[PDB]
Amino acid sequence: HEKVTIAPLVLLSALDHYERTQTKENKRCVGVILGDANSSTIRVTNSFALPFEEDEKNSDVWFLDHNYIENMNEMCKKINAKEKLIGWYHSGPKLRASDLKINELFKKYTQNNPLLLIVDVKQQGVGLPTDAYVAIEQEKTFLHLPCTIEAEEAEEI
Amino acid sequence: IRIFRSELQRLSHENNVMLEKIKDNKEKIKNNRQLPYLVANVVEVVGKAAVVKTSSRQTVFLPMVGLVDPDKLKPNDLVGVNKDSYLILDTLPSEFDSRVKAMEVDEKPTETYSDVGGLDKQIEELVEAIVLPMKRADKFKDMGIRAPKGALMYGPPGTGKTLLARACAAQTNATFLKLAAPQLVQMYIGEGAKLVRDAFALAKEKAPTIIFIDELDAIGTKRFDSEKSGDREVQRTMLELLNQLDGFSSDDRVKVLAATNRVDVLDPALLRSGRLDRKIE
Amino acid sequence: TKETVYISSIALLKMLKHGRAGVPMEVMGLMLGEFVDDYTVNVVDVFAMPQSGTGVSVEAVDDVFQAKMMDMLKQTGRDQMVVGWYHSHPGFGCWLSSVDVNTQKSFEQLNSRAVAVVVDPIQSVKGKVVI
Amino acid sequence: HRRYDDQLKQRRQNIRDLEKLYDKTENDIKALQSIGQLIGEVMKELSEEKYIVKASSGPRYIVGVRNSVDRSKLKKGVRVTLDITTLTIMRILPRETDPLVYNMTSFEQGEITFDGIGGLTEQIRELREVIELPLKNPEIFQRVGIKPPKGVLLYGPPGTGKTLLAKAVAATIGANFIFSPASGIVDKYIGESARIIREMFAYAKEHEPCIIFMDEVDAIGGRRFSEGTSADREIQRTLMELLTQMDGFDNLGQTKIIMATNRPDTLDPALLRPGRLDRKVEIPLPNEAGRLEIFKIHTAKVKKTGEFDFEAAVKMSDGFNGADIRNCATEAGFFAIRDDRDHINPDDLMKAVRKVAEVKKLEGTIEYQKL
Amino acid sequence: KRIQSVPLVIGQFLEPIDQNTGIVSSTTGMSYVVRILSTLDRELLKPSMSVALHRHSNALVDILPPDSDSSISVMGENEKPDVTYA
């Protein structure tokens, strides 16, 4: 199977957005990941955030900003031209049933199979609780892949 | 009607405002240009780029500079470069390399044809070599012939015809280049060859030039009947006269008059219909 | 004199990644945060400015692209204004050039509290970032 | 109404001239912002992103790379572009070792063709056999089993048209050719004469259809072992350079070596033996049948009368060559100037033909190397 | 050990003198006597072994592996076995 590697820059980016977006009462913060999925080892060198609001008693109401997707193209492409959108991530400990409908919105921008990344913000686990899933045709299932830490001069320093 | 004429009238005003910014930029360029720069050798002229090499043997890449054009640029060229930014601020000052060791800057001598007599037999022959092609060459192309590229100059073991060599560079009032054969042999290998090589390089800049060689017996031999080493102590410079006269040089106004002492000792390979035509005793 | 300049943990990892664009090509990017009087510079978030062929000059700053990105950062939870910018000088020490003086002077009328940070990712490979 | 409009149209010529001067000034300020960039060849590889490149001055510095270049072209031997400050690999450039327009580019202008070298036809097929045949159909030598001739020797007394043999090929085929003077490569600073030869063969592996011309070279094929060497140190290595590229494992057969010399006895006998110069092309003095077509070559563009006979000058020619007839055609023009004649009479020809036979003192019979 | 980083100069070892001290000769032709870095060892190198040096101070940096690039042969045989001995 393939491999998934999450850099500590992406880790601290997703974990800091918990208190930055004032996330409480067991909510989630939907971000976006930037990496190269063409190789056998998926490595995410960049990540950002997206506004997300979902009702607790209503699972059919969720907000997502599709205009920010075009805003990073005017920025990242002028620095690193090899960065593309391979998927998104979530700040929740466990996924919900709304993630199936989220794949319909990002399938047009992504040029490959979107990657589902789950990052635990509670840090109540041992080792690396961060997990990744790949949505394929089952109707649909999520194939889990092991997550590693990026080793490079841009991180370990 | 007045609207169309008002936009064109303000166009010259807006051009004058931007012209002051261009004049201020030229003053900054003139302030950025100060005499102490360095000279580098052009290596190679995708995009537009120019590669040069400094005289210190340091290869530095530089982008295309607006001060130079690809038509004027050319590999193996000496142009001024910056000491810090290593950018070419100066083009080629109308001279290939230099005069190297020595050069003859004299314009005209004081010797004319009126100081000799009874020599008219051999005078008319010298006029048809380095003199008439400086004038009548336009008439020579109509007949289909070619101007002689040189004439052997010799005589008895004595003074010789060198008295008339000054009259050739005087009455004709053309460019003269004095080249001494014994001055072309030096201990540094290749420096004696660059003297004759650069002699024809500067001879292409000024077309009406006449190259004079004194004592051709100084440089020549087949170099045999000896022991091993000792070869090419002479012929290193002779190869310049072989390649240059038979090469790109010697076109129309480029001619060489080689004066010598005796014809007994010389290189028979030097005498050829492509270099020395007239052999006159 | 000396003071205390606080930098968030997320800001350090982004500046080291931005300086990886290239060694010969200098990089520059903005920052976010707050201040406590004149003796405290708080660095919270950093911004990544686009590259320019002028080598980080006064004319290499685009206010149109800056105003469009900062307005989008308000939806991401950033309430802090620009506290300055960082400029990488790889291979050399920590010093300001003649271009950085003229560039930083142009922002004095905009924000007088702006900070020009010099980061050196080449000499930071020893485990301690020289900045 | 059109009086003021015509004045504005005439001023547009000066406006367009100023617009061309605005882009030239703005590009000058943008050019001054850029600094110098060193150029060096990649030596070896330590890590993936960490390499070693030797500077052009001769020191070796460990340099880095960027993410905007391909790591496949960063391997050893590739000439790259460094930085004068950070000392890192920046741009990848093609391989060029001391380009010289005088020593490489031929500056081709059509003058002499196969119609001017005529009379050598018996010896002309020798050149096309080692040049036109292997390049057009290399498969012929492969099935037979013979190896394509590498070097070619051109000897004989001067004036036989040996130099024109190299110029006739450049005006016909059009491939990449190299002019290599003997005394131009002898430049001596430190080990300079030995490195110049290797600069020539660098283009041999790049462009396969290439031929290296040698014009009147008695020098680099010398002998000079030890009398004390008379400071030949760089020249002796230059002699050995021809004993390497044409000897060792470097790819050959696609680059022909055309060598011309006066007396082969002066050259090193080891260089004349097979393995370096395969074919020795004899260029003797044109005989009565060979010269018969040569008189019409030099007199082709020369105006003359209607009645002409070239068979008279054939018997008048004693031990002459192909070039000496040009001298006979040149002296015939000046003889008609004193008599005010635009066309050269046949009587003035025989006077100029013997004029070469009157001078003499050229020897020319002392070359015994004909084989 | 990592302070040196990219800007390194190619040196060559000559002879040992003192503990953690040795003489080096770089490609610039100027020989210097510096101190051996603590992470290196005199037994892990060779008398002819090539090392790395600082740009200005020219201090000893790291011991290069026993592979000399230089020129000519470099790595080894390339497409040599094209013929036999018969």
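Chains U, M, V, L and K, in that order, are what the protein sequence lines are. When you line the first sequence up against the authors' numbering, it's residues 5 to 142, 151 to 169, in that order. When you line the second sequence up against the authors' numbering, it's residues 41 to 85, 113 to 348, in that order. Each residue of the third sequence is one higher than the one before, counting from 23 in the authors' numbering. Each residue of the fourth sequence is one higher than the one before, counting from 67 in the authors' numbering. Each residue of the fifth sequence is one higher than the one before, counting from 87 in the authors' numbering. Beta carbons are placed, not taken as given, at the ideal position from N, Cα and C, and that holds for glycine.
Asked                                                                                                                            : Found
Classification of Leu139 (chain K) by the beta-carbon crowding that lies within 10 angstroms, buried from 16 upward              : buried
DSSP-derived helix/strand/coil call for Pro412 (chain L)                                                                         : helix
Given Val83 (chain V) as reference, the closest of V:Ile32, V:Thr125 and V:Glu48 once Cα atoms are compared                      : V:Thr125
Assigned secondary structure, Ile37 (chain U) (DSSP; H/G/I helix, E/B strand, else coil)                                         : strand
Where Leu109 (chain U) falls, given that 16 or more other Cβ within 10 Å makes a residue buried                                  : exposed
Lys228 (chain M) at chain L interface by Cβ criterion, 7 Å                                                                       : no
According to DSSP, residues forming a beta bridge with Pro130 (chain M)                                                          : M:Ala116
heavy atom of the ligand ZN below 6 Å from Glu192 (chain M) C-beta                                                               : Ligands are entirely absent from the displayed structure, and the ligand ZN is therefore not among its contents.
Cα-Cα separation, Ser122 (chain M) to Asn71 (chain U)                                                                            : 58 Å
Cβ pair count under 8 Å reaching 3, the segment 114 to 126 of chain K against the segment 146 to 160 of chain L                  : no
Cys159 (chain U) classed as buried or exposed, judged by whether at least 16 other C-beta atoms fall within 10 angstroms         : buried
For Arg420 (chain L), three-class secondary structure by DSSP                                                                    : helix
Backbone secondary structure at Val172 (chain M) - three-state DSSP                                                              : coil
N-terminal and C-terminal residue of the beta strand (DSSP E) that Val347 (chain L) is part of                                   : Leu343 to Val347
Nearest-angstrom Cβ-Cβ length linking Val127 (chain M) and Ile105 (chain L), presumed shorter than 8 Å                           : 7 Å
Neighbourhood of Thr25 (chain U) by C-beta, 6 Å cutoff - its chain only, sequence neighbours within 5 removed                    : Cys33
Strand pairing of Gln125 (chain M), partner residues [DSSP]                                                                      : M:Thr121
Sheet register partners of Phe279 (chain L) (DSSP bridge)                                                                        : L:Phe245 and L:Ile324
Contact set between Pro46 (chain V) and chain U, taken where Cβ atoms lie within less than 7 Å                                   : Within chain U, no residue comes near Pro46 (chain V); the closest Cβ sits about 15 Å away, beyond 7 Å.
CB contact check: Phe400 (chain L) to chain M, cutoff 7 Å                                                                        : yes
Rounded separation between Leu75 (chain M) and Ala237 (chain L) - CA only                                                        : 46 Å
7 Å Cβ cut-off: residues of chain U touching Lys96 (chain V)                                                                     : Simply none; closest approach about 10 Å.
Which residues DSSP lists as bridging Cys159 (chain U), in chain order                                                           : U:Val8
Residue range of the unbroken beta strand (DSSP E) whose run includes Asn50 (chain U)                                            : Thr45 to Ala53
For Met266 (chain L) and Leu38 (chain U), the rounded distance between their alpha carbons                                       : 50 Å
Cβ-Cβ distance between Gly388 (chain L) and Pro352 (chain L) below 7 Å                                                           : yes
Contact with chain L by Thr76 (chain V), beta-carbon distance below 7 Å                                                          : yes
Enclosing alpha helix (DSSP H) for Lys381 (chain L) [first to last residue]                                                      : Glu377 to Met382
Contact set between the segment 234 to 259 of chain M and chain L, restricted to residues whose Cβ is under 7 Å from the partner : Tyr255, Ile256 and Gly257
Other residues of its chain near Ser17 (chain U): CB distance less than 6 Å, five sequence neighbours each side excluded         : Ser51
Spatial distance of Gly356 (chain L) from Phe386 (chain L) (CA atoms)                                                            : 11 Å
Closer than 7 Å at the beta carbon, the chain C residues around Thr114 (chain K)                                                 : Judged by its chain identifiers, the structure shown contains no chain C, and its protein chains are U, M, V, L and K.
Top-ranked residue by Cα proximity to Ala402 (chain L), from L:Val380, L:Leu309, L:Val368 and L:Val347                           : L:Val368
Which of helix, strand or coil DSSP assigns to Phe401 (chain L)                                                                  : helix
For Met37 (chain V) and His273 (chain L), the rounded distance between their alpha carbons                                       : 47 Å
Min CB distance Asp94 (chain L) to chain V below 7 Å                                                                             : no
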